[PDB]
Amino acid sequence: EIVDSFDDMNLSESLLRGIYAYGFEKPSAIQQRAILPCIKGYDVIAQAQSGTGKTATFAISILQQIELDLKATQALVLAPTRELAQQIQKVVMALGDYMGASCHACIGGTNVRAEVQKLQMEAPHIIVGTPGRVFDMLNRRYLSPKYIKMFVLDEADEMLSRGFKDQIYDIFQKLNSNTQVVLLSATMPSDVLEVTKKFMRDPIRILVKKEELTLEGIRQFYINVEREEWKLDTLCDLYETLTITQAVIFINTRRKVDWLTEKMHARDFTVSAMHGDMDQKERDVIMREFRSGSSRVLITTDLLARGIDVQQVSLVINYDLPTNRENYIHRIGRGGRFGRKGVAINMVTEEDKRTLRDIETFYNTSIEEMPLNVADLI
RNA sequence: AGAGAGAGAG
Ligand SMILES: CC(/C=C/C(C)=C/[C@@H]1Cc2nc(cs2)CC[C@@H](N)CC(=O)O[C@@H](C)C/C(C)=C/C=C\C(=O)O1)=C\CN(C)C
Ligand SMILES: Nc1ncnc2c1ncn2[C@@H]1O[C@H](COP(=O)(O)OP(=O)(O)NP(=O)(O)O)[C@@H](O)[C@H]1O
Ligand SMILES: [Mg+2]
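Residue numbers count from 1 along every chain, following the sequence as written rather than necessarily the entry numbering; any residue without coordinates is not displayed. Chains and ligands are labelled by the order in which they are written, letters from A for the one and numbers from 1 for the other. Values shown for side chains rest on all heavy atoms present in the structure; no hydrogens or waters enter the calculation.

- Method of determination, as given in the entry header: X-ray crystallography; reported resolution: 2.87 Å.

- Chain A goes by Eukaryotic initiation factor 4A-I in the PDB entry, where it is assigned to Mus musculus.
- The deposited entry bears the title "Crystal structure of eIF4A-I in complex with RNA bound to des-MePateA, a pateamine A analog".
- Per UniProt, chain A carries the Catalytic activity text "ATP + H2O = ADP + phosphate + H(+)".
- UniProt positions are given in the numbering used here, feature names are shortened, and annotations may be inferred rather than shown by experiment. The Sequence similarities comment attached to chain A in UniProt states, word for word, "Belongs to the DEAD box helicase family. eIF4A subfamily."

**With respect to the pattern of salt bridges**
Then, in step 1: Between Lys or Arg on one side and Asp or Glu on the other, a salt bridge is scored when a side-chain nitrogen of the former is within 4 Å of a carboxyl oxygen of the latter. Going through the model one piece at a time under the given rule, you end up with 15 salt bridges.
Then, in step 2: Among the ionic pairs, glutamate 228 bridges to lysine 256, the shortest N-O distance being 2.5 Å. In this pair, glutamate 228 sits in the loop between β8 (218-226) and α10 (231-237) while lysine 256 sits in helix α12 (residues 254-265), placing the two residues 28 residues apart along the sequence.
Then, in step 3: Relative accessibility thresholds used throughout: buried, under 20% of the residue-type maximum; exposed, over 50%; partly exposed, between the two (1.4 Å probe, protein chains only). Given the relative accessible area of 32%, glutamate 228 is considered partly exposed.
Then, in step 4: Through salt bridges with shared partners, one network takes in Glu228, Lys231, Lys256, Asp320 and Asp352. By definition, any uninterrupted DSSP run of H or I lasting at least four residues is a helix, any uninterrupted run of E lasting at least two residues is a strand, and each is numbered from the N terminus.

**Considerations on helix α4 (residues 82-95)**
Then, in step 1: Between its first and last C-alpha atoms α4 spans 20 Å; for 14 residues at 1.5 Å apiece the expected length is 20 Å, and the two agree.
Then, in step 2: Each polar contact in these results corresponds to two N or O atoms within 3.5 Å; when the atoms are within protein, one needs to be able to donate a hydrogen and the other to accept it, and residues that are neighboring in sequence are counted only if both atoms are side-chain atoms. If you check the start of α4, you find a side-chain oxygen 3.3 Å away from the backbone N of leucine 84, and it comes from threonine 81. Multiplying 1.5 Å by the helix residue count minus one yields the expected span of that helix.

**Looking at unusual backbone geometry**
Then, in step 1: Look at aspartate 268: it is not a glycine, yet its phi comes out positive at around 65°.
Then, in step 2: Residue classification places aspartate 268 among the exposed positions, given a relative accessible area of 70%.
Then, in step 3: At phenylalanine 338, a position not held by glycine, the phi torsion is positive, near 55°.
Then, in step 4: Taking relative accessible area as the criterion, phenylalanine 338 reaches 48% and is therefore assigned partly exposed.

**A look at the packing of helix α1 (residues 13-22) against α4**
Then, in step 1: Angles shown run from 0 to 180 degrees and are taken between the N-to-C directions of axes, each axis being a line fitted to C-alpha atoms and, for helices, limited to the stretch in contact. Axis separation between α1 and α4 bottoms out at 7 Å; the angle between their running directions is 125°. What the angle tells us is that α1 and α4 run oblique. Residues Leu15, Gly18, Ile19 and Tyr22 of α1 form the contact with α4, whose participating residues are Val91, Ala94 and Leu95.
Then, in step 2: Of the residues in the contact of α1 with α4, the class split is six nonpolar, one polar and no charged. The labels follow the angle: roughly parallel below 35 degrees, roughly antiparallel above 145, roughly perpendicular from 65 to 115, and oblique for the rest. Throughout, a contact is declared for two residues whenever any of their heavy atoms are within 4.5 Å. Following the grouping adopted for this structure description, the nonpolar residues are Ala, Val, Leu, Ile, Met, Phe, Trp, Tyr, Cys and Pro, the charged ones are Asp, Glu, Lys and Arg, and the polar ones are all others, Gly among them.

**A closer look at the environment of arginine 227**
Then, in step 1: By secondary structure assignment, the location of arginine 227 is in the loop between β8 and α10.
Then, in step 2: For the pair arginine 227 and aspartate 309, spaced 82 residues apart in the sequence, the C-alpha separation amounts to 32 Å.

Shown next as structure tokens:
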């Protein structure tokens, strides 16, 4: 089970070079437990706290099984969002820089002809895309499941929810029977575990209790607002505290993201907006300016709630509370990346305080009011 | 379930 370091995993001398070149030194908790089962060909259900290195878990696992001499698609990874797919693609190529393993992003909003040309020319060893463009190319027979022996679902609970389930099944129907299935997500509701019995041959169940998901490095607070109409002013009074680093402001609707943005712009406050109705060129720019520190504050929807990794981010503001119990975990997970110190602030009204109790009792975590010395905790 | 949030091409 346990492994001391990457060297003790029987990885190629060229793979261990790309791992340490990326910045790693010692495998995280889950990495020591799941990287070997995944390479051994077992169906794995890996659950771990946020920011613990689940992306590199399967990325290392995939890169080991890839018979680089075979120039065909051998692994398929699916993400609920495009931004996450692009992020996952870079992590794979990074860990396999000295290997020559080709990893292609098969996401929406990209140039179709360019992708069709790249696939017909060369077959990437690893596909990391979203269900839409992935199932499209499979239908056009530009992607071949013939040699796909590994099928990974990041944020599995979201990928197996009401909206994505039928999409995953349309893709799964085109895969072989012997295809290995790997599931990863910080959350794994019981209802989602009931459907894994439908398409997984008794996998390795690495699960975690809900009372232990709350990270210790993420401090959770709340602010009494009473009425919705005062949330704006409260956010502005926090502005100079937000710009202390990089902050993510979560809003439950696209329409409200644009409303708040135009309201803060009208007050001479630098904030960026991000949601799914924007053109893919806008989303790529906005996300670029955010990672490069150009923009410090970002007002977004649940699009960026899951998996988005920005180490510079150390503050998460919940302008609205999530309508999904599990989504709260992923939201706060954007700060305090891998042991770092992170802060989460929940703007709660009176009618919303009812909801906050459920979160505390569900995950067994107390969320105390914010002090004035919080600028030093960021 | 839907809504919300996401999730091909055009
Ligand atoms: C991003 C977005 C919208 C994304 C969609 C809509 C992404 C979808 C996801 C999937 N659904 C399914 C699988 S995969 C299940 C239904 C499936 N049977 C559809 C089908 O096979 O029809 C054929 C005929 C056409 C075809 C091969 C489609 C391939 C992919 C596809 O349908 O993409 C909208 C943005 N808003 C702002 C407008
Ligand atoms: N062995 C390692 N040592 C140190 N840092 C690491 C290691 N592996 C990964 N990381 C970093 O830790 C962070 C974790 O990111 P990620 O792999 O996305 O975890 P995650 O669990 O998938 N996040 P989430 O989707 O919200 O659960 C990233 O900044 C990685 O670069
Ligand atoms: Mg992740």
